[PDB]
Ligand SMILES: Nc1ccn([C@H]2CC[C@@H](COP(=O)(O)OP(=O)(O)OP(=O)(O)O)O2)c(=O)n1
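Presented below, as structure tokens, is a lone chain in the form deposited without this ligand.
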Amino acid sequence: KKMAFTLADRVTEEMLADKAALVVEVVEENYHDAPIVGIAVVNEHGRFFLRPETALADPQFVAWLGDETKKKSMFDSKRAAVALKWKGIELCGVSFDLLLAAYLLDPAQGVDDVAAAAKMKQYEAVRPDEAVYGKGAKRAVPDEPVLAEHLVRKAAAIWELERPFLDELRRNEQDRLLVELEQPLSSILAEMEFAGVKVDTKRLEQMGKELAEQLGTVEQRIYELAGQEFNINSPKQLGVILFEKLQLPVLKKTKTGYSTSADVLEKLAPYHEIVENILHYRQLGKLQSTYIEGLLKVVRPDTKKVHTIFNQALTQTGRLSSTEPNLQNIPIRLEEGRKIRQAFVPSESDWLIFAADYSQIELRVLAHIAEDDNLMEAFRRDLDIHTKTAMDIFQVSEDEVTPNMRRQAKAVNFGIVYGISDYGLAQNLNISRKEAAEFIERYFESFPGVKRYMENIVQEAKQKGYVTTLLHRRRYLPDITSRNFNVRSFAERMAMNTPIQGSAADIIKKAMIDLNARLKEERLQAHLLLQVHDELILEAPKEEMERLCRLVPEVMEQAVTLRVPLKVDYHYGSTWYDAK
């Protein structure tokens, strides 16, 4: 049965009620400076469809959109908010976002459209977006009659589902998580994405030229050592050269042929000079393809800025993800790649980049949740946690901790946060499972509180069916009861890791909200540009640096109060590279 609605030619008072489900449709996946194809409003007076050119030109409608007292319920309000920002229109009063609500109730459902969220409450009177718009090269905006009914059905679904979703969130003790954390954060992310980050394209192009020369040199050296030319970027062709022509040892395979992963080549390095060259070729090749050419592809030709999109409703732990471009995986570990960051610069003259990061937030969160006396004391003394861990597991004094010992203790700490297992640690340190098991036993002997916590959280996941974070984020773990060892073990590691990674996510999200409130109170021009899991990157006038050096760390350290202190380091400079 078709859904009734008015296909209006002009905006009317009835369409501007103080509460409504609103749909501002942006079909392009990347909504930056993208078209709004249609608008639907459902309220107490009825259902309406409005053409964008008409509604967005209407003074009354624009005023309604920007009136905080006129409440709107939507799905993915950030998409609408940003598309509107590009048009110079402010969207205010969004009191409910169905996408974020669904995400909090169950991140595993992978809800990415209204139909998916609605199915959670047995509501199916709305079609999936893909069914209406198609996918890939066949994607397109349907004729008005089809488009209009779809937007109205989405608005109608949002109108009907708000109460049931809010009711379940309340039962889960997640009502504040949605209203005081995720929704306010959505507006902040919208501002960050819209602001964008300035790129020194001249610098990038120059780097690309130098890289091209180096790649050519290494490429030729590879063919010389191989005795022939081949596609180095072809794992299949490479495997033939390495394991057949050069007779290198086969220590691991894949599916179609031999394995040539970095971990494999690193071990084969001692056998032939060609290996080190292949690894170098791959390093430079990634910089060229992704961080030079790929980046330049998404830089806006007019402003020279990149506008990422932070997916706020994707990760299973509560973290954000970043795309087109992903600004959360810019090289930094190796100096040659780190130089890439010299291309990310302030957007205005005489401004600087300011970066603040939490020091060991995951292990500090673990100390707090596990209430481990030894771990808490370690952070209360602000000790080098990896050196401390080495001292404890190897039973030696600080002066007796060797570099190799610290390195292995650090690996143990990573394993503890990820969800420890002898195989995982053995694989990472290239040692036997038995040896790894001994390291783990020693760790738990020194941190009995952490041991109790890991045992208890797995038991809790089985009893309740899910685990939670500090601010009540939830993750269901049905595989925790599997009779298949591998499947169950993966779920157990998720039970151990999610409260840690997820609570750290909760904390920085709250820090972002608190920070923006302080920046506004102080009327600073400084603003957030990026978030990279445990760090915040801002840009501001050089004249604001001293104030930021005190303000940002304080706000981040005070976001929440734990049993141990939170510590934040910070740096600033002329480019992202220099904010070190």
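The first residue of the sequence shown is number 1, and the count goes up from there.
Undergrad: Can you let me know which of the two, 392 to 400 or 195 to 203, has the higher average C-alpha B-factor in the entry?
TA: Averaged over C-alpha atoms, the B-factors run higher in 392 to 400.
Undergrad: Pick between 491 to 499 and 289 to 297: the one whose mean CA B-factor in the entry is higher.
TA: Result: 289 to 297.
Undergrad: Maximum C-alpha temperature factor per the entry, among 154, 71, 209, 410, belongs to which one?
TA: That would be 209.
Undergrad: Among 283, 308, 172, 311, where is the Cα B factor highest in this entry?
TA: Most elevated C-alpha B-factor of the set, per the entry: 283.
Undergrad: Split into thirds by Cα B-factor across the chain's modelled residues, where does residue 459 land: lowest, middle or highest?
TA: Middle third, going by the recorded CA B-factors of the chain.
Undergrad: Would you mind checking where the Cα B-factor of residue 37 ranks among the modelled residues of its chain, as the lowest, middle or highest third?
TA: Residue 37: CA B-factor falls in the middle third of its chain.
Undergrad: In terms of the chain's CA B-factor thirds, is residue 527 lowest, middle or highest?
TA: It belongs to the lowest third of the chain when residues are ordered by C-alpha B-factor.
Undergrad: Sort the modelled residues of this chain by their C-alpha B factor and say whether residue 91 lands in the lowest, middle or highest third.
TA: Its C-alpha B-factor, which the entry lists for residue 91, ranks in the middle third among residues of this chain.
Undergrad: Looking at the temperature factor on the CA atom of residue 358, which third of the chain's modelled residues does it land in?
TA: It belongs to the lowest third of the chain when residues are ordered by C-alpha B-factor.
The same protein also has a form deposited with this ligand bound, omitted here; what follows describes it.
Undergrad: Is residue 475 a contact residue for this ligand in the bound PDB entry, using a 4.5 Å heavy atom cut-off?
TA: Looking in the bound PDB entry, residue contacts with this ligand do not include residue 475, since no heavy atom lies within 4.5 Å.
Undergrad: Would residue 176 show up as a contact with this ligand in the bound PDB entry if we use heavy atoms at 4.5 Å?
TA: Taking the distances in the bound PDB entry, the answer for residue 176 is yes, it comes within 4.5 Å of this ligand.
Undergrad: State yes or no: in the bound PDB entry, is some non-hydrogen atom of residue 91 no more than 4.5 angstroms from a non-hydrogen atom of this ligand?
TA: It does not: once this ligand is placed as it appears in the bound PDB entry, residue 91 has no heavy atom within 4.5 Å of it.
Undergrad: Does the 4.5 Å heavy atom contact test between residue 471 and this ligand in the bound PDB entry come out positive?
TA: Heavy-atom contact with this ligand at 4.5 Å: present for residue 471.
Undergrad: Just to confirm the contact call: exactly one of 263 to 271, 151 to 159, 166 to 174, 250 to 258 touches this ligand in the bound PDB entry at a 4.5 Å heavy atom cutoff, so which is it?
TA: Selected stretch: 166 to 174.
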